[PDB]
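Pasting entry_25.tsv here (TSV, C-alpha atoms and all ligand atoms):
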```tsv
chain	number	residue	atom	x	y	z
I	1	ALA	CA	-21.68	-9.69	68.59
I	2	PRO	CA	-18.97	-12.39	68.73
I	3	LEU	CA	-18.42	-14.18	72.08
I	4	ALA	CA	-15.04	-12.47	72.60
I	5	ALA	CA	-16.16	-8.98	71.44
I	6	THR	CA	-15.14	-7.33	74.75
I	7	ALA	CA	-12.33	-9.77	75.63
I	8	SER	CA	-8.60	-9.02	75.85
I	9	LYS	CA	-7.86	-12.01	73.57
I	10	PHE	CA	-9.62	-13.37	70.49
I	11	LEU	CA	-11.88	-16.39	70.22
I	12	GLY	CA	-11.85	-17.46	66.59
I	13	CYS	CA	-12.77	-20.51	64.53
I	14	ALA	CA	-11.73	-22.53	61.51
I	15	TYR	CA	-13.48	-21.20	58.42
I	16	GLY	CA	-14.97	-23.37	55.68
I	17	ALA	CA	-18.14	-23.95	53.65
I	18	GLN	CA	-19.96	-25.71	56.52
I	19	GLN	CA	-18.67	-23.24	59.14
I	20	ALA	CA	-19.72	-20.17	57.12
I	21	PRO	CA	-23.31	-19.59	58.35
I	22	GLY	CA	-23.36	-17.08	61.22
I	23	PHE	CA	-19.56	-17.18	61.60
I	24	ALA	CA	-19.02	-13.49	62.41
I	25	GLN	CA	-21.88	-13.55	64.96
I	26	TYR	CA	-19.81	-15.94	67.10
I	27	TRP	CA	-16.10	-15.65	66.25
I	28	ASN	CA	-13.66	-12.76	65.88
I	29	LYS	CA	-10.64	-14.44	64.28
I	30	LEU	CA	-10.23	-17.07	61.59
I	31	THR	CA	-8.09	-19.83	60.13
I	32	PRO	CA	-8.90	-21.38	56.75
I	33	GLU	CA	-9.71	-25.02	57.51
I	34	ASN	CA	-8.39	-26.53	54.25
I	35	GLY	CA	-8.05	-23.81	51.59
I	36	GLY	CA	-4.58	-22.59	52.60
I	37	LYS	CA	-3.02	-26.04	52.40
I	38	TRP	CA	-0.61	-26.38	49.46
I	39	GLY	CA	-2.48	-29.40	48.07
I	40	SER	CA	-5.70	-27.39	48.12
I	41	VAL	CA	-4.17	-24.49	46.18
I	42	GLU	CA	-1.86	-26.34	43.78
I	43	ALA	CA	-3.44	-29.78	43.31
I	44	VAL	CA	-2.43	-29.47	39.67
I	45	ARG	CA	1.14	-28.24	39.24
I	46	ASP	CA	1.58	-24.54	38.39
I	47	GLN	CA	-2.12	-23.76	38.37
I	48	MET	CA	-3.13	-22.01	41.55
I	49	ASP	CA	-6.67	-22.37	42.83
I	50	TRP	CA	-6.90	-19.50	45.31
I	51	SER	CA	-10.71	-19.44	45.52
I	52	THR	CA	-11.22	-20.97	48.98
I	53	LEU	CA	-8.18	-19.21	50.49
I	54	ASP	CA	-9.30	-15.92	48.92
I	55	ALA	CA	-12.71	-16.38	50.57
I	56	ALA	CA	-11.22	-16.85	54.05
I	57	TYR	CA	-8.81	-13.92	53.60
I	58	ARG	CA	-11.41	-11.52	52.16
I	59	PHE	CA	-13.97	-12.54	54.80
I	60	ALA	CA	-11.40	-11.81	57.53
I	61	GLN	CA	-10.69	-8.42	55.93
I	62	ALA	CA	-14.38	-7.54	55.49
I	63	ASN	CA	-15.25	-8.55	59.05
I	64	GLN	CA	-12.09	-6.84	60.37
I	65	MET	CA	-10.73	-9.89	62.17
I	66	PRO	CA	-7.19	-11.37	62.34
I	67	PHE	CA	-6.29	-13.93	59.68
I	68	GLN	CA	-4.03	-16.89	60.37
I	69	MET	CA	-2.58	-18.44	57.23
I	70	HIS	CA	-2.76	-22.24	57.55
I	71	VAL	CA	-0.37	-23.67	56.48
I	72	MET	CA	2.89	-23.39	54.49
I	73	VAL	CA	4.68	-26.64	55.37
I	74	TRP	CA	2.89	-29.79	56.60
I	75	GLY	CA	3.03	-33.57	56.07
I	76	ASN	CA	-0.43	-34.11	54.59
I	77	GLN	CA	-2.70	-32.45	51.99
I	78	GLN	CA	0.41	-31.49	50.00
I	79	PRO	CA	0.37	-31.55	46.17
I	80	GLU	CA	0.47	-35.12	44.80
I	81	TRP	CA	2.93	-34.19	42.03
I	82	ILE	CA	5.69	-32.92	44.36
I	83	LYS	CA	6.55	-36.26	46.04
I	84	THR	CA	8.29	-37.68	42.95
I	85	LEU	CA	10.41	-34.60	42.17
I	86	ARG	CA	14.12	-34.34	42.97
I	87	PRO	CA	14.93	-32.35	46.15
I	88	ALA	CA	16.51	-29.65	43.95
I	89	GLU	CA	13.24	-29.13	42.06
I	90	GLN	CA	11.08	-29.60	45.17
I	91	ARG	CA	12.93	-26.74	46.88
I	92	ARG	CA	12.24	-24.40	43.95
I	93	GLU	CA	8.55	-25.36	44.18
I	94	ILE	CA	8.57	-24.64	47.93
I	95	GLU	CA	10.24	-21.26	47.31
I	96	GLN	CA	7.60	-20.40	44.67
I	97	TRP	CA	4.76	-21.45	47.01
I	98	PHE	CA	6.08	-19.13	49.75
I	99	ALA	CA	6.52	-16.26	47.28
I	100	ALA	CA	3.05	-16.85	45.80
I	101	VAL	CA	1.34	-16.67	49.19
I	102	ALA	CA	3.43	-13.65	50.31
I	103	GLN	CA	2.60	-11.78	47.10
I	104	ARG	CA	-1.15	-12.46	47.20
I	105	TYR	CA	-1.87	-11.97	50.91
I	106	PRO	CA	-0.11	-8.91	52.44
I	107	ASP	CA	-2.32	-8.74	55.57
I	108	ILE	CA	-1.59	-12.04	57.29
I	109	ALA	CA	-1.83	-11.59	61.09
I	110	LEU	CA	-0.14	-14.91	61.87
I	111	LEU	CA	1.71	-17.11	59.39
I	112	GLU	CA	1.67	-20.79	60.32
I	113	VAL	CA	4.95	-21.78	58.67
I	114	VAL	CA	5.20	-25.37	59.93
I	115	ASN	CA	2.43	-27.54	61.36
I	116	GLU	CA	3.01	-30.77	63.35
I	117	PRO	CA	6.82	-31.13	63.29
I	118	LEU	CA	6.61	-33.80	66.05
I	119	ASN	CA	3.66	-35.62	64.47
I	120	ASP	CA	3.64	-35.30	60.67
I	121	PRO	CA	6.78	-34.03	58.92
I	122	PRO	CA	6.55	-33.86	55.09
I	123	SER	CA	8.52	-37.12	54.71
I	124	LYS	CA	5.85	-39.53	53.40
I	125	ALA	CA	5.37	-40.47	49.77
I	126	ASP	CA	1.66	-41.27	50.06
I	127	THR	CA	-1.00	-39.29	48.14
I	128	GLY	CA	-0.59	-35.93	49.90
I	129	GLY	CA	2.61	-36.66	51.85
I	130	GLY	CA	4.75	-34.14	49.96
I	131	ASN	CA	7.93	-36.17	50.54
I	132	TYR	CA	10.02	-32.97	50.47
I	133	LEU	CA	11.91	-33.23	53.77
I	134	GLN	CA	15.30	-33.47	52.02
I	135	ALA	CA	14.53	-30.38	49.90
I	136	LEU	CA	14.54	-28.53	53.23
I	137	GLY	CA	17.79	-30.14	54.44
I	138	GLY	CA	16.24	-33.15	56.20
I	139	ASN	CA	16.98	-33.57	59.90
I	140	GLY	CA	20.50	-32.11	59.60
I	141	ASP	CA	22.88	-31.54	62.52
I	142	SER	CA	20.23	-30.15	64.92
I	143	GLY	CA	17.61	-32.82	64.19
I	144	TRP	CA	15.23	-30.12	62.93
I	145	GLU	CA	17.01	-28.59	59.92
I	146	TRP	CA	13.88	-28.79	57.76
I	147	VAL	CA	11.92	-26.68	60.28
I	148	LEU	CA	14.76	-24.13	60.39
I	149	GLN	CA	14.92	-23.91	56.58
I	150	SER	CA	11.12	-23.49	56.41
I	151	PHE	CA	11.22	-20.50	58.78
I	152	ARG	CA	14.28	-19.03	57.04
I	153	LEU	CA	12.23	-19.12	53.84
I	154	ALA	CA	9.35	-17.49	55.72
I	155	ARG	CA	11.51	-14.62	57.03
I	156	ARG	CA	12.84	-14.07	53.50
I	157	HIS	CA	9.43	-13.97	51.78
I	158	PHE	CA	7.37	-12.52	54.64
I	159	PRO	CA	9.88	-10.11	56.22
I	160	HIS	CA	7.32	-8.25	58.39
I	161	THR	CA	4.88	-11.04	59.28
I	162	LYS	CA	4.53	-12.80	62.63
I	163	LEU	CA	5.72	-16.40	62.16
I	164	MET	CA	4.22	-19.32	64.06
I	165	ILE	CA	4.96	-22.98	64.69
I	166	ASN	CA	2.03	-25.32	65.43
I	167	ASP	CA	1.63	-28.85	66.75
I	168	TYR	CA	-0.59	-31.20	68.76
I	169	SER	CA	-0.24	-33.42	71.84
I	170	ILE	CA	2.26	-31.00	73.37
I	171	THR	CA	0.89	-29.68	76.68
I	172	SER	CA	-0.54	-33.14	77.48
I	173	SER	CA	2.96	-34.35	78.43
I	174	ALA	CA	6.18	-32.93	79.84
I	175	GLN	CA	8.17	-35.10	77.38
I	176	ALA	CA	6.35	-33.68	74.32
I	177	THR	CA	6.69	-30.12	75.64
I	178	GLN	CA	10.45	-30.63	76.16
I	179	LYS	CA	10.72	-31.99	72.58
I	180	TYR	CA	8.71	-29.08	71.15
I	181	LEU	CA	10.63	-26.52	73.26
I	182	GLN	CA	13.85	-27.74	71.62
I	183	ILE	CA	12.41	-26.89	68.17
I	184	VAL	CA	11.19	-23.48	69.38
I	185	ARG	CA	14.63	-22.74	70.89
I	186	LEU	CA	16.47	-23.67	67.68
I	187	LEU	CA	14.15	-21.28	65.82
I	188	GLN	CA	14.64	-18.61	68.50
I	189	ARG	CA	18.45	-18.85	68.09
I	190	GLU	CA	18.02	-17.44	64.58
I	191	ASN	CA	15.16	-15.14	65.66
I	192	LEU	CA	12.84	-17.02	63.27
I	193	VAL	CA	9.75	-17.57	65.43
I	194	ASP	CA	7.25	-15.07	66.82
I	195	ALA	CA	4.50	-17.27	68.26
I	196	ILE	CA	3.92	-20.78	69.60
I	197	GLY	CA	0.82	-22.72	68.58
I	198	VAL	CA	-0.67	-25.77	70.26
I	199	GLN	CA	-3.78	-27.36	68.73
I	200	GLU	CA	-5.60	-28.79	71.81
I	201	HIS	CA	-8.01	-31.10	69.97
I	202	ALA	CA	-10.27	-33.38	72.03
I	203	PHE	CA	-7.66	-36.17	72.08
I	204	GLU	CA	-5.14	-33.88	73.82
I	205	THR	CA	-7.38	-32.85	76.73
I	206	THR	CA	-9.05	-36.05	78.05
I	207	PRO	CA	-9.35	-36.44	81.85
I	208	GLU	CA	-6.47	-38.96	81.76
I	209	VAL	CA	-4.03	-36.04	82.06
I	210	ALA	CA	-4.40	-33.50	84.89
I	211	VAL	CA	-5.12	-29.85	84.00
I	212	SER	CA	-2.08	-28.95	86.13
I	213	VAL	CA	0.08	-30.80	83.56
I	214	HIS	CA	-1.29	-28.69	80.68
I	215	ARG	CA	-0.83	-25.58	82.84
I	216	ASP	CA	2.76	-26.41	83.87
I	217	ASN	CA	3.56	-27.09	80.19
I	218	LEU	CA	2.02	-23.77	79.13
I	219	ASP	CA	4.31	-22.16	81.74
I	220	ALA	CA	7.28	-24.06	80.28
I	221	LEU	CA	6.51	-22.78	76.77
I	222	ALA	CA	5.76	-19.26	78.09
I	223	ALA	CA	9.32	-19.01	79.45
I	224	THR	CA	10.50	-18.49	75.85
I	225	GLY	CA	8.94	-15.02	76.08
I	226	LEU	CA	6.79	-15.82	73.04
I	227	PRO	CA	2.98	-15.52	72.92
I	228	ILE	CA	1.04	-18.79	72.92
I	229	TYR	CA	-2.00	-19.49	70.75
I	230	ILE	CA	-4.39	-22.39	71.05
I	231	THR	CA	-5.03	-23.09	67.39
I	232	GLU	CA	-7.42	-26.01	66.83
I	233	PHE	CA	-9.54	-26.42	69.96
I	234	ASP	CA	-12.37	-28.94	70.04
I	235	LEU	CA	-14.14	-31.15	72.56
I	236	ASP	CA	-16.19	-34.22	71.69
I	237	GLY	CA	-19.90	-34.42	72.44
I	238	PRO	CA	-21.09	-38.05	72.55
I	239	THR	CA	-23.51	-36.53	75.06
I	240	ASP	CA	-24.32	-32.88	75.75
I	241	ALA	CA	-23.33	-33.40	79.40
I	242	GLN	CA	-19.83	-34.71	78.57
I	243	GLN	CA	-19.10	-31.84	76.18
I	244	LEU	CA	-20.35	-29.32	78.74
I	245	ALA	CA	-18.35	-30.89	81.59
I	246	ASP	CA	-15.25	-31.01	79.40
I	247	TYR	CA	-15.64	-27.37	78.37
I	248	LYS	CA	-15.84	-26.38	82.06
I	249	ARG	CA	-12.75	-28.45	82.94
I	250	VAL	CA	-10.59	-27.64	79.91
I	251	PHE	CA	-11.39	-24.24	78.34
I	252	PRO	CA	-10.63	-21.98	81.35
I	253	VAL	CA	-7.15	-23.54	81.71
I	254	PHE	CA	-6.19	-22.05	78.34
I	255	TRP	CA	-8.40	-18.93	78.30
I	256	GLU	CA	-7.07	-17.70	81.65
I	257	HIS	CA	-3.38	-18.37	81.01
I	258	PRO	CA	-1.59	-14.97	80.68
I	259	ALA	CA	0.74	-16.33	77.95
I	260	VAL	CA	-2.23	-17.38	75.78
I	261	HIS	CA	-3.07	-14.50	73.43
I	262	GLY	CA	-5.99	-16.22	71.70
I	263	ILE	CA	-7.91	-19.43	71.06
I	264	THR	CA	-9.28	-20.73	67.78
I	265	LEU	CA	-11.95	-23.44	67.80
I	266	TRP	CA	-11.58	-26.10	65.13
I	267	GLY	CA	-15.13	-25.67	63.79
I	268	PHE	CA	-18.46	-25.21	65.54
I	269	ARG	CA	-21.10	-26.55	63.14
I	270	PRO	CA	-21.66	-30.13	61.91
I	271	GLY	CA	-19.18	-30.98	59.17
I	272	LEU	CA	-16.21	-29.87	61.27
I	273	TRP	CA	-13.23	-32.25	61.48
I	274	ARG	CA	-14.46	-34.19	64.52
I	275	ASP	CA	-17.99	-34.60	63.16
I	276	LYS	CA	-18.41	-38.29	64.02
I	277	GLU	CA	-17.28	-37.49	67.59
I	278	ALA	CA	-19.94	-34.72	67.65
I	279	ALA	CA	-17.52	-31.94	68.60
I	280	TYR	CA	-19.87	-29.36	67.04
I	281	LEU	CA	-21.37	-26.73	69.34
I	282	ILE	CA	-24.51	-26.24	67.24
I	283	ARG	CA	-26.77	-29.15	66.26
I	284	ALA	CA	-27.98	-30.21	62.79
I	285	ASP	CA	-31.26	-28.37	63.48
I	286	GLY	CA	-29.38	-25.14	64.29
I	287	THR	CA	-29.90	-25.18	68.06
I	288	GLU	CA	-27.06	-24.28	70.45
I	289	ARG	CA	-25.72	-27.09	72.65
I	290	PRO	CA	-25.29	-26.57	76.44
I	291	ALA	CA	-21.50	-26.27	75.99
I	292	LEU	CA	-22.00	-23.22	73.74
I	293	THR	CA	-24.49	-21.64	76.15
I	294	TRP	CA	-21.85	-22.01	78.88
I	295	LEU	CA	-19.02	-20.78	76.62
I	296	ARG	CA	-20.91	-17.56	75.81
I	297	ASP	CA	-21.55	-16.90	79.52
I	298	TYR	CA	-18.03	-17.92	80.53
I	299	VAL	CA	-16.27	-15.67	77.98
I	300	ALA	CA	-18.53	-12.71	78.84
I	301	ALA	CA	-17.54	-13.13	82.51
I	302	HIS	CA	-13.83	-13.54	81.66
I	303	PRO	CA	-12.64	-10.54	79.56
Q	401	LIG	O1	-10.98	-31.35	56.83
Q	401	LIG	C1	-9.96	-31.80	57.74
Q	401	LIG	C2	-9.46	-30.62	58.56
Q	401	LIG	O2	-10.52	-30.16	59.42
Q	401	LIG	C3	-8.24	-31.02	59.40
Q	401	LIG	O3	-7.74	-29.88	60.07
Q	401	LIG	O4	-7.21	-31.57	58.56
Q	401	LIG	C4	-7.63	-32.76	57.89
Q	401	LIG	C5	-8.81	-32.45	56.97
Q	401	LIG	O5	-9.28	-33.66	56.37
Q	402	CA	CA	4.56	-24.04	41.32
```
Here is the file; what I need is its structure written in the form of structure tokens.
Ligand SMILES: O[C@@H]1[C@@H](O)[C@H](O)OC[C@H]1O
Ligand SMILES: [Ca+2]
Amino acid sequence: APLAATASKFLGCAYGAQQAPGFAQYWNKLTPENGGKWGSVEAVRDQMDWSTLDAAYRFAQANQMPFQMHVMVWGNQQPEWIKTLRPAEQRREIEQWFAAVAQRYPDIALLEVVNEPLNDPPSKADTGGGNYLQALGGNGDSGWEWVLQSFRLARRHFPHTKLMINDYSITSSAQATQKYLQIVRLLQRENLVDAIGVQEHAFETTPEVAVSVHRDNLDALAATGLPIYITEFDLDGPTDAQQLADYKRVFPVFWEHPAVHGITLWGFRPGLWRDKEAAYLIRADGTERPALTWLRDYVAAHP
């Protein structure tokens, strides 16, 4: 049984080749780690490789767990061919991408429309930068036109799907939260957003910032009336003791917040994003680290 089997909110994980073994024995929600990124699907223009995204979607369906589509608009891992197209043609490509996903995947629980607006807009012309910001109206009069246009597209193509914005290094500072809240509010004005995502990777939750700051910022975001999801949670493990201590300090702050409707870990086995920082909860030999032992017991005691 997954850790959150009897909980009031889900505890999911990023899904990928390395995260596959034993997934459904631990987690009860998923996000495709890489397969739902536009550059993963349409690396070569107008040929769609759905295989990895199909796997994540079908696995979610078969194991009867919520599926978060990750991600429609982002500033990396975008198709290489799109960055040199005129905005007029880029926009048509974006429209087609939205339609393609909407058509193929009717049972999306949460659609991550835009990831990292404060950190990585699609404005770079490097390999996977996309460089399509102007195709979405650029900054415009509000400063966030491209985010608005992305969610307008989402409402059009996914008229009955919960729409989510996602970003990192938000709750770690009042200033970032205030910046992010502005984006959420602009989206709320057009009733375009249904959920607020914050990643909470290891770099966002170091002991340099008090837990009270994260908590106050969760409260600030909660005042929108929108549910909050922690989307890409991980904690480094240079030692077992540090990872354990950090899990005890950090995880309950988010798990116990009434506005938080679920947490997704960004991997749990070696080969996850923060592999060099040893953020995995299970070792190379398959044994469970102390942080995971605690997490199981903690979640069981906090339903
Ligand atoms: O695989 C990595 C993924 O885990 C992260 O979320 O985005 C960057 C990718 O390289
Ligand atoms: Ca296309």
Cut-off 6 Å: closest chain I/ligand CA 402 (chain Q) atom pairs per residue, using all atoms listed in the file, as a Markdown table:
```
| residue | atom | partner | partner_atom | distance |
| --- | --- | --- | --- | --- |
| I:45 | CA | Q:CA402 | CA | 5.8 |
| I:46 | CA | Q:CA402 | CA | 4.2 |
| I:93 | CA | Q:CA402 | CA | 5.1 |
| I:96 | CA | Q:CA402 | CA | 5.8 |
```
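You can rank I:83, I:274, I:215, I:156 by their closest distance to ligand LIG 401 (chain Q) using all atoms listed in the file, and at the top of that list sits I:274.
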Pull the closest atom pair for each residue of chain I that gets at most 10 Å from ligand LIG 401 (chain Q), along with the distance in Å to one decimal, counting only C-alpha atoms and all ligand atoms, ordering rows by chain and then ascending residue number, as JSON lines.
```
{"residue": "I:14", "atom": "CA", "partner": "Q:LIG401", "partner_atom": "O2", "distance": 8.0}
{"residue": "I:15", "atom": "CA", "partner": "Q:LIG401", "partner_atom": "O2", "distance": 9.5}
{"residue": "I:16", "atom": "CA", "partner": "Q:LIG401", "partner_atom": "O2", "distance": 8.9}
{"residue": "I:32", "atom": "CA", "partner": "Q:LIG401", "partner_atom": "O3", "distance": 9.2}
{"residue": "I:33", "atom": "CA", "partner": "Q:LIG401", "partner_atom": "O2", "distance": 5.5}
{"residue": "I:34", "atom": "CA", "partner": "Q:LIG401", "partner_atom": "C2", "distance": 6.0}
{"residue": "I:35", "atom": "CA", "partner": "Q:LIG401", "partner_atom": "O1", "distance": 9.6}
{"residue": "I:37", "atom": "CA", "partner": "Q:LIG401", "partner_atom": "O4", "distance": 9.3}
{"residue": "I:70", "atom": "CA", "partner": "Q:LIG401", "partner_atom": "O3", "distance": 9.5}
{"residue": "I:76", "atom": "CA", "partner": "Q:LIG401", "partner_atom": "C4", "distance": 8.0}
{"residue": "I:77", "atom": "CA", "partner": "Q:LIG401", "partner_atom": "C4", "distance": 7.7}
{"residue": "I:199", "atom": "CA", "partner": "Q:LIG401", "partner_atom": "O3", "distance": 9.9}
{"residue": "I:201", "atom": "CA", "partner": "Q:LIG401", "partner_atom": "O3", "distance": 10.0}
{"residue": "I:232", "atom": "CA", "partner": "Q:LIG401", "partner_atom": "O3", "distance": 7.8}
{"residue": "I:266", "atom": "CA", "partner": "Q:LIG401", "partner_atom": "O2", "distance": 7.1}
{"residue": "I:267", "atom": "CA", "partner": "Q:LIG401", "partner_atom": "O2", "distance": 7.8}
{"residue": "I:271", "atom": "CA", "partner": "Q:LIG401", "partner_atom": "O1", "distance": 8.5}
{"residue": "I:272", "atom": "CA", "partner": "Q:LIG401", "partner_atom": "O2", "distance": 6.0}
{"residue": "I:273", "atom": "CA", "partner": "Q:LIG401", "partner_atom": "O2", "distance": 4.0}
{"residue": "I:274", "atom": "CA", "partner": "Q:LIG401", "partner_atom": "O2", "distance": 7.6}
{"residue": "I:275", "atom": "CA", "partner": "Q:LIG401", "partner_atom": "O2", "distance": 9.5}
```
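The residue set within 9 Å of residue 158 (chain I), counting all atoms listed in the file and dropping same-chain residues fewer than 2 places from it, reads residues 98, 99, 102, 103, 106, 111, 153, 154, 155, 156, 160, 161, 162 and 163 of chain I.
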Output C-alpha atoms for every residue in that selection, as a PDB file, in the coordinates of the input.
```pdb
ATOM      1  CA  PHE I  98       6.080 -19.130  49.750  1.00  0.00           C
ATOM      2  CA  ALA I  99       6.520 -16.260  47.280  1.00  0.00           C
ATOM      3  CA  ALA I 102       3.430 -13.650  50.310  1.00  0.00           C
ATOM      4  CA  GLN I 103       2.600 -11.780  47.100  1.00  0.00           C
ATOM      5  CA  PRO I 106      -0.110  -8.910  52.440  1.00  0.00           C
ATOM      6  CA  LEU I 111       1.710 -17.110  59.390  1.00  0.00           C
ATOM      7  CA  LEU I 153      12.230 -19.120  53.840  1.00  0.00           C
ATOM      8  CA  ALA I 154       9.350 -17.490  55.720  1.00  0.00           C
ATOM      9  CA  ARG I 155      11.510 -14.620  57.030  1.00  0.00           C
ATOM     10  CA  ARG I 156      12.840 -14.070  53.500  1.00  0.00           C
ATOM     11  CA  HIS I 160       7.320  -8.250  58.390  1.00  0.00           C
ATOM     12  CA  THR I 161       4.880 -11.040  59.280  1.00  0.00           C
ATOM     13  CA  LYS I 162       4.530 -12.800  62.630  1.00  0.00           C
ATOM     14  CA  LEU I 163       5.720 -16.400  62.160  1.00  0.00           C
TER      15      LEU I 163
END
```
For region 189-198 of chain I, find every residue with an atom within 6 Å (counting all atoms listed in the file), except residues of its own chain fewer than 3 positions away, and show them as a ChimeraX atom specification. /I:151,162-168,186,226-231
Which residues come within 6 Å of residue 109 (chain I), counting all atoms listed in the file, excluding same-chain residues fewer than 3 positions away, as a ChimeraX atom specification? /I:66-68
Taking (-18.1, -15.1, 80.9) in the file's coordinates as the center, which residues reach within 12 Å of it, counting all atoms listed in the file, put as a PDB file with C-alpha atoms, in the coordinates of the input?
```pdb
ATOM      1  CA  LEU I   3     -18.420 -14.180  72.080  1.00  0.00           C
ATOM      2  CA  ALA I   4     -15.040 -12.470  72.600  1.00  0.00           C
ATOM      3  CA  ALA I   5     -16.160  -8.980  71.440  1.00  0.00           C
ATOM      4  CA  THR I   6     -15.140  -7.330  74.750  1.00  0.00           C
ATOM      5  CA  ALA I   7     -12.330  -9.770  75.630  1.00  0.00           C
ATOM      6  CA  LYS I 248     -15.840 -26.380  82.060  1.00  0.00           C
ATOM      7  CA  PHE I 251     -11.390 -24.240  78.340  1.00  0.00           C
ATOM      8  CA  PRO I 252     -10.630 -21.980  81.350  1.00  0.00           C
ATOM      9  CA  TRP I 255      -8.400 -18.930  78.300  1.00  0.00           C
ATOM     10  CA  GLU I 256      -7.070 -17.700  81.650  1.00  0.00           C
ATOM     11  CA  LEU I 292     -22.000 -23.220  73.740  1.00  0.00           C
ATOM     12  CA  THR I 293     -24.490 -21.640  76.150  1.00  0.00           C
ATOM     13  CA  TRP I 294     -21.850 -22.010  78.880  1.00  0.00           C
ATOM     14  CA  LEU I 295     -19.020 -20.780  76.620  1.00  0.00           C
ATOM     15  CA  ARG I 296     -20.910 -17.560  75.810  1.00  0.00           C
ATOM     16  CA  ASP I 297     -21.550 -16.900  79.520  1.00  0.00           C
ATOM     17  CA  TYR I 298     -18.030 -17.920  80.530  1.00  0.00           C
ATOM     18  CA  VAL I 299     -16.270 -15.670  77.980  1.00  0.00           C
ATOM     19  CA  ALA I 300     -18.530 -12.710  78.840  1.00  0.00           C
ATOM     20  CA  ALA I 301     -17.540 -13.130  82.510  1.00  0.00           C
ATOM     21  CA  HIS I 302     -13.830 -13.540  81.660  1.00  0.00           C
ATOM     22  CA  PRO I 303     -12.640 -10.540  79.560  1.00  0.00           C
TER      23      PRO I 303
END
```
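Across the model, the gap from CA of residue 221 (chain I) to CA of residue 254 (chain I) is 12.8 Å.
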CA of residue 185 (chain I) to CA of residue 206 (chain I) measures 28.1 Å
Best match for closeness to residue 112 (chain I) among I:144, I:132, I:74, I:127, counting all atoms listed in the file: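 Among the listed residues, the smallest separation from residue 112 (chain I) belongs to I:74.
Pairwise distance (CA of residue 188 (chain I), CA of residue 152 (chain I)) equals 11.5 Å.
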From the options I:257, I:124, I:91, I:289, which residue's atoms come nearest to residue 150 (chain I), counting all atoms listed in the file? I:91
Pick from I:116, I:49, I:263, I:187, whichever lies nearest to residue 145 (chain I) using only C-alpha atoms: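 Nearest candidate to residue 145 (chain I) out of I:116, I:49, I:263, I:187: I:187.
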What's the 12 Å shell around residue 23 (chain I), counting only C-alpha atoms, without same-chain residues fewer than 6 positions away, as an MDAnalysis selection string? chainID I and resid 1:3 11:17 29:31 56 59:60 63 65 265 267:269 282
Just-selected residues, C-alpha atoms written as a PDB file, in the frame of the given file:
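Result written to selection00.pdb:
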```pdb
ATOM      1  CA  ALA I   1     -21.680  -9.690  68.590  1.00  0.00           C
ATOM      2  CA  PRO I   2     -18.970 -12.390  68.730  1.00  0.00           C
ATOM      3  CA  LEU I   3     -18.420 -14.180  72.080  1.00  0.00           C
ATOM      4  CA  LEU I  11     -11.880 -16.390  70.220  1.00  0.00           C
ATOM      5  CA  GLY I  12     -11.850 -17.460  66.590  1.00  0.00           C
ATOM      6  CA  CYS I  13     -12.770 -20.510  64.530  1.00  0.00           C
ATOM      7  CA  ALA I  14     -11.730 -22.530  61.510  1.00  0.00           C
ATOM      8  CA  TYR I  15     -13.480 -21.200  58.420  1.00  0.00           C
ATOM      9  CA  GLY I  16     -14.970 -23.370  55.680  1.00  0.00           C
ATOM     10  CA  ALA I  17     -18.140 -23.950  53.650  1.00  0.00           C
ATOM     11  CA  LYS I  29     -10.640 -14.440  64.280  1.00  0.00           C
ATOM     12  CA  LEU I  30     -10.230 -17.070  61.590  1.00  0.00           C
ATOM     13  CA  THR I  31      -8.090 -19.830  60.130  1.00  0.00           C
ATOM     14  CA  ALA I  56     -11.220 -16.850  54.050  1.00  0.00           C
ATOM     15  CA  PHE I  59     -13.970 -12.540  54.800  1.00  0.00           C
ATOM     16  CA  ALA I  60     -11.400 -11.810  57.530  1.00  0.00           C
ATOM     17  CA  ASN I  63     -15.250  -8.550  59.050  1.00  0.00           C
ATOM     18  CA  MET I  65     -10.730  -9.890  62.170  1.00  0.00           C
ATOM     19  CA  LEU I 265     -11.950 -23.440  67.800  1.00  0.00           C
ATOM     20  CA  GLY I 267     -15.130 -25.670  63.790  1.00  0.00           C
ATOM     21  CA  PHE I 268     -18.460 -25.210  65.540  1.00  0.00           C
ATOM     22  CA  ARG I 269     -21.100 -26.550  63.140  1.00  0.00           C
ATOM     23  CA  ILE I 282     -24.510 -26.240  67.240  1.00  0.00           C
TER      24      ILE I 282
END
```
Residue with smallest distance to residue 9 (chain I) - pool I:276, I:90, I:27, I:176, counting all atoms listed in the file: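 Of the candidates, the smallest distance to residue 9 (chain I) is held by I:27.
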So, with only C-alpha atoms as the atoms that count, which of I:290, I:75, I:122, I:258 lies closest to residue 239 (chain I)? I:290
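For residue 43 (chain I), the non-local neighbours within 8 Å, defined as residues at least 5 positions apart in the same chain or in other chains and counting all atoms listed in the file, are residues 38, 48, 78, 79, 80 and 81 of chain I.
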